[PDB]
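Read the structure below first, then the notes.
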Amino acid sequence: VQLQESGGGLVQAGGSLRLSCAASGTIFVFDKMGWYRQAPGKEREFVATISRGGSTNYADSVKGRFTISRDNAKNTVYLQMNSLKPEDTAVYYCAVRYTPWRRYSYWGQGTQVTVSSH
Amino acid sequence: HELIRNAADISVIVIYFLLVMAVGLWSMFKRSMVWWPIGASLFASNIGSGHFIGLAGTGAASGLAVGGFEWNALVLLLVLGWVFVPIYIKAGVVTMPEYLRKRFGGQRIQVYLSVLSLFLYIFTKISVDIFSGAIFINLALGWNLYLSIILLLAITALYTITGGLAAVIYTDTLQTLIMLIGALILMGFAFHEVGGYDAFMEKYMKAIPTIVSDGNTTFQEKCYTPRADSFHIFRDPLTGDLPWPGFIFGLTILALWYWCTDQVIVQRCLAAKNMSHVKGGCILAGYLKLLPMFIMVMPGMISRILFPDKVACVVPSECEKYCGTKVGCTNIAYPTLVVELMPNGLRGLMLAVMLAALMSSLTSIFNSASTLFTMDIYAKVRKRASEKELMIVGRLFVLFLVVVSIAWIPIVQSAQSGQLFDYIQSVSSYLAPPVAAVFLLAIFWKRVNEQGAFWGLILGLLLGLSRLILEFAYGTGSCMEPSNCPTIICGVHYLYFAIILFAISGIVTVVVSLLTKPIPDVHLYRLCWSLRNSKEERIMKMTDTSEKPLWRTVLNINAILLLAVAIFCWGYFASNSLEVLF
Ligand SMILES: CC(C)CCC[C@@H](C)[C@H]1CC[C@H]2[C@@H]3CC=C4C[C@@H](O)CC[C@]4(C)[C@H]3CC[C@]12C
């Protein structure tokens, strides 16, 4: 019923962090637990919609350098991002779907990651 | 009982019954039918005891799977509108056994179909409607079974002596419209109560009761859990309740028996102004037979969520005092939602319209059964027919019908693990597929004689009635205690048995018709899938299938659009399907 998330913080450029989003209080297995970031002054843009069978679908800007894998029987998505560049200074929500025709019932609270270039 | 105690709704109930009494006396003081009193009158069949009690009860027991019976009945309804009504109007006949008399030989086919239709009436319509009225009055006014039953008999005797049957166009279309609007309002109240739609999904899986421990005897967890793998349409074919091959094929042959061969369904639609009116009424009824998924099986699980103690009992010592039955009793899922989730301005209107739609479905079946008896059995045995004796034997026959139908109820209220849908289908499946097979092979194959179809019917009865007697003398039993039956004929499933009985009866009648003599083609011209114009010898209203070529076009586009919407609902509810975790 709630999407507990963690992992976000501060790191320099070129680093790598792991984003976690472990749902709780539900009985079903979720379908499309893909992450949705939000830049300040911008909307929610990118998809990482890993399916129930497991099929990643990135945006082209974060393609290749970002990976995502969930254990397919325990409802926890892990976004492992790599080679952090200073255009990723944004809050990163979680977003889930019950089913392939429901269009994102629940939502996340918000995890902000800030990357610097010192 | 407390909810309906208030005088405010009683005004609505009494003025609704005064309205139907007024239109009955207007009919008594005062065949060219339109498409809208045909569609509503076709939709209002099997409503009150197979759309409110049993359908919502099986939905509260299992889930979304029983809604597929509604779309199977939709497809067979459109098959009736396209195919079987031109066949019934080409041969110039009014029902099915008169058609078989004008197709086959002597009186034995007609009197066997009359006896079988009377036993199917007693087993599946009159007793089930009386028991559903008893559930309504018991959950509304708190009385016992027999007093509620005799109040229902008194009010339906007043309803049939008023004369509402002669104006069953206006009363049935008004009851259909009022009942559909009220059920839509109750669905909007029900989804507003649980907190949207996602809370309805999650809260239903954790909707167990709290009295699961009966001291020494403690039930397994599978009894009270709400079938946690089952929220989707197509279950497992082997060990799943309502299995998907068996569902589509068994409900196809059952709705082919019910929606095409029943003596009042086709006669309700044969009396019409034009064939295009019949097809338009069938498409309107097909649109209205699409809603009971979102109308009458989703509130069934709402009543599992809201009151998970009177709908999902496990323990008989307190379940007998809450619903009156020893085990399970999921039948009261819908009336508990009406008497608790309605304001006082509509709670009387719903219990008035869901009794008008039951009194009409009783006064139709009583008149049809009296017509069948005193025009197909007593007129064939006596063959003299002094008319005063005919009238008094019709009245004594329907009194005998009430006497047996009341006594059949304690088998019905605990027949199949509590449910009512699983009784109607389990009794229709043992006696309908022989009739469906004999009707299909009598229409299409055309090399069938009277010695084949009758013996196929008798062998189908000798298997199905044997299964029925062996079932009800033993019973399915509780989750903890398995049934004590020979399993190879007892426990495959009653849908798989319907398909097996249909195939066995078809093979037997085609073997017996291929052994003996054939039937000469020289007097089978209009009927039995042929369009010739030569005469025959054997044994204003519409006498055509014609319409304007524009109206045939718009009816064909509306029928293919209705199939598109139905296969869209099928392909939606089967594609997305929630699975639970370990
Ligand atoms: C109204 C929605 C819910 C269902 C749409 C289908 C029904 C209602 C519509 C679609 C096509 C229409 C039919 C097509 C044309 C004719 C021929 C005319 O001589 C009588 C009316 C009749 C038979 C129409 C009645 C209403 C109709 C059957």
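Ordered as shown in the structure tokens, chains take letters A, B, and onward, while each chain numbers its residues from 1 and ligands are numbered from 1 in the order shown.
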
Do me a favour and pick out the residues of chain A within 10 Å of chain B, using only C-alpha atoms, as a PyMOL selection string.
chain A and resi 1+25-31+72-75+98-102+105-106

Go ahead and dump the residues you just picked, N, CA and C atoms, as a PDB file, in the first residue's frame.
ATOM      1  N   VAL A   1       0.838  -1.189   0.000  1.00  0.00           N
ATOM      2  CA  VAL A   1       0.000   0.000   0.000  1.00  0.00           C
ATOM      3  C   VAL A   1       0.876   1.243   0.000  1.00  0.00           C
ATOM      4  N   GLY A  25       2.777  -4.226   2.332  1.00  0.00           N
ATOM      5  CA  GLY A  25       1.360  -4.198   2.617  1.00  0.00           C
ATOM      6  C   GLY A  25       0.460  -4.687   1.506  1.00  0.00           C
ATOM      7  N   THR A  26       1.012  -5.126   0.382  1.00  0.00           N
ATOM      8  CA  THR A  26       0.223  -5.632  -0.729  1.00  0.00           C
ATOM      9  C   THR A  26       0.276  -7.153  -0.769  1.00  0.00           C
ATOM     10  N   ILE A  27      -0.670  -7.733  -1.504  1.00  0.00           N
ATOM     11  CA  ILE A  27      -0.730  -9.172  -1.682  1.00  0.00           C
ATOM     12  C   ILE A  27      -0.342  -9.582  -3.101  1.00  0.00           C
ATOM     13  N   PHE A  28      -0.652  -8.761  -4.100  1.00  0.00           N
ATOM     14  CA  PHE A  28      -0.360  -9.081  -5.485  1.00  0.00           C
ATOM     15  C   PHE A  28       1.120  -8.883  -5.789  1.00  0.00           C
ATOM     16  N   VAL A  29       1.535  -9.404  -6.936  1.00  0.00           N
ATOM     17  CA  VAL A  29       2.849  -9.131  -7.499  1.00  0.00           C
ATOM     18  C   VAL A  29       2.691  -8.006  -8.506  1.00  0.00           C
ATOM     19  N   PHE A  30       3.466  -6.941  -8.331  1.00  0.00           N
ATOM     20  CA  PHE A  30       3.341  -5.791  -9.206  1.00  0.00           C
ATOM     21  C   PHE A  30       3.956  -6.085 -10.569  1.00  0.00           C
ATOM     22  N   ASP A  31       3.594  -5.258 -11.546  1.00  0.00           N
ATOM     23  CA  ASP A  31       3.923  -5.531 -12.936  1.00  0.00           C
ATOM     24  C   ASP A  31       5.042  -4.653 -13.479  1.00  0.00           C
ATOM     25  N   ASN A  72      12.016 -11.553  -9.151  1.00  0.00           N
ATOM     26  CA  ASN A  72      10.689 -11.719  -9.735  1.00  0.00           C
ATOM     27  C   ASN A  72       9.696 -12.434  -8.824  1.00  0.00           C
ATOM     28  N   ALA A  73      10.036 -12.677  -7.559  1.00  0.00           N
ATOM     29  CA  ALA A  73       9.105 -13.283  -6.620  1.00  0.00           C
ATOM     30  C   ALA A  73       9.059 -12.547  -5.287  1.00  0.00           C
ATOM     31  N   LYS A  74       9.661 -11.358  -5.188  1.00  0.00           N
ATOM     32  CA  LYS A  74       9.672 -10.658  -3.911  1.00  0.00           C
ATOM     33  C   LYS A  74       9.450  -9.153  -4.021  1.00  0.00           C
ATOM     34  N   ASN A  75       9.067  -8.642  -5.197  1.00  0.00           N
ATOM     35  CA  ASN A  75       8.429  -7.327  -5.358  1.00  0.00           C
ATOM     36  C   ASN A  75       9.344  -6.157  -4.982  1.00  0.00           C
ATOM     37  N   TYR A  98      -0.475  -2.200 -11.308  1.00  0.00           N
ATOM     38  CA  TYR A  98      -1.059  -3.504 -11.023  1.00  0.00           C
ATOM     39  C   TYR A  98      -1.026  -4.404 -12.245  1.00  0.00           C
ATOM     40  N   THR A  99      -1.268  -3.834 -13.421  1.00  0.00           N
ATOM     41  CA  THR A  99      -1.717  -4.611 -14.564  1.00  0.00           C
ATOM     42  C   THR A  99      -1.444  -3.810 -15.829  1.00  0.00           C
ATOM     43  N   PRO A 100      -1.319  -4.468 -17.002  1.00  0.00           N
ATOM     44  CA  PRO A 100      -0.959  -3.729 -18.223  1.00  0.00           C
ATOM     45  C   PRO A 100      -2.060  -2.886 -18.854  1.00  0.00           C
ATOM     46  N   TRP A 101      -3.145  -2.614 -18.134  1.00  0.00           N
ATOM     47  CA  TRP A 101      -4.141  -1.674 -18.625  1.00  0.00           C
ATOM     48  C   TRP A 101      -4.694  -0.811 -17.498  1.00  0.00           C
ATOM     49  N   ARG A 102      -3.869  -0.493 -16.497  1.00  0.00           N
ATOM     50  CA  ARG A 102      -4.329   0.278 -15.350  1.00  0.00           C
ATOM     51  C   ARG A 102      -3.708   1.661 -15.232  1.00  0.00           C
ATOM     52  N   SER A 105      -1.438   3.166 -10.936  1.00  0.00           N
ATOM     53  CA  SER A 105      -2.300   3.372  -9.778  1.00  0.00           C
ATOM     54  C   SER A 105      -1.579   4.060  -8.623  1.00  0.00           C
ATOM     55  N   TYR A 106      -0.573   3.407  -8.045  1.00  0.00           N
ATOM     56  CA  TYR A 106       0.132   3.986  -6.913  1.00  0.00           C
ATOM     57  C   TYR A 106       1.240   4.920  -7.391  1.00  0.00           C
TER      58      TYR A 106
END

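With only C-alpha atoms and all ligand atoms counted, the chains near ligand 1 contribute these residues within 8 Å: residues 34, 35, 36, 276, 277, 278, 279, 280, 281, 282, 283, 284, 287, 288, 551, 554, 555 and 558 of chain B.
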
Emit the selected residues as a PDB file, in the first residue's frame, including C-alpha atoms.
ATOM      1  CA  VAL B  34     -41.710  -3.091 -30.609  1.00  0.00           C
ATOM      2  CA  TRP B  35     -37.989  -3.789 -30.165  1.00  0.00           C
ATOM      3  CA  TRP B  36     -37.654  -2.182 -26.730  1.00  0.00           C
ATOM      4  CA  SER B 276     -35.990  -6.791 -37.821  1.00  0.00           C
ATOM      5  CA  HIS B 277     -37.789  -5.916 -34.583  1.00  0.00           C
ATOM      6  CA  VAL B 278     -36.766  -9.331 -33.206  1.00  0.00           C
ATOM      7  CA  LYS B 279     -33.135  -8.823 -34.225  1.00  0.00           C
ATOM      8  CA  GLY B 280     -33.060  -5.282 -32.818  1.00  0.00           C
ATOM      9  CA  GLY B 281     -34.581  -6.474 -29.559  1.00  0.00           C
ATOM     10  CA  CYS B 282     -31.986  -9.240 -29.406  1.00  0.00           C
ATOM     11  CA  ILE B 283     -29.169  -6.711 -29.897  1.00  0.00           C
ATOM     12  CA  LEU B 284     -30.661  -4.415 -27.223  1.00  0.00           C
ATOM     13  CA  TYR B 287     -26.210  -4.810 -24.774  1.00  0.00           C
ATOM     14  CA  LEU B 288     -28.101  -5.152 -21.494  1.00  0.00           C
ATOM     15  CA  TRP B 551     -32.225  -2.265 -41.960  1.00  0.00           C
ATOM     16  CA  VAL B 554     -27.563  -1.681 -39.867  1.00  0.00           C
ATOM     17  CA  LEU B 555     -28.579  -4.796 -37.892  1.00  0.00           C
ATOM     18  CA  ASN B 558     -24.762  -3.561 -34.858  1.00  0.00           C
TER      19      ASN B 558
END

Fewer than 2 positions away in the same chain doesn't count, so skip those; otherwise give me all residues within 8 Å of residue 34 of chain A, counting only C-alpha atoms, as JSON, numbers by chain.
{"A": [32, 36, 47, 48, 49, 50, 77, 94, 95, 96]}
